[PDB]
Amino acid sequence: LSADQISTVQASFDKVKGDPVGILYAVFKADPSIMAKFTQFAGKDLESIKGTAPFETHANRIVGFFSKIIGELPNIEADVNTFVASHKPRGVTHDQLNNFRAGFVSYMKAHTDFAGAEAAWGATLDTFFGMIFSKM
């Protein structure tokens, strides 16, 4: 993960970072068991809560932190540590994490011309999820 790839990803992310709700929707849609961990969304129709204020609040926090991480590549260790601290005790599994990844990439493919940033994103996400999976 070098500056060339980092600059590519960050340019790519800048195009979509204003749509937190869209990104979280794509993740929840890829894996409903992620949605079922939120007391505020469990048992509801995803298509119906997508436009409500609670969804947006959550989406802004979650994609907000991801944004922090993308902004500081590649010095992400301390933030991954924080993520693991808050999420390890909620029982998040490797499956769910990989579905988060899949949902995000699906979002990125359906909203941008992704083919030009795909290898850089691959490097980034392999690095990030590589660190998470070593810790939880």
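Don't overthink the numbering: it's just position in the shown sequence, from 1.
Mean C-alpha B-factor is higher over 109-117 than over the other stretch, the pair under comparison being 5-13 and 109-117. Between 38-46 and 61-69, it is 38-46 that carries the larger average Cα temperature factor according to the deposited entry. Note on the listed residues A85, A26, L97, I76: the highest Cα temperature factor in the record is that of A85. When all modelled residues of the chain are sorted by CA temperature factor, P89 is found within the highest third.
Ranked against the other modelled residues of its chain, the C-alpha B-factor of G122 as given in the entry falls in the lowest third. Split the chain's modelled residues into thirds by C-alpha temperature factor. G103 is in the middle one.
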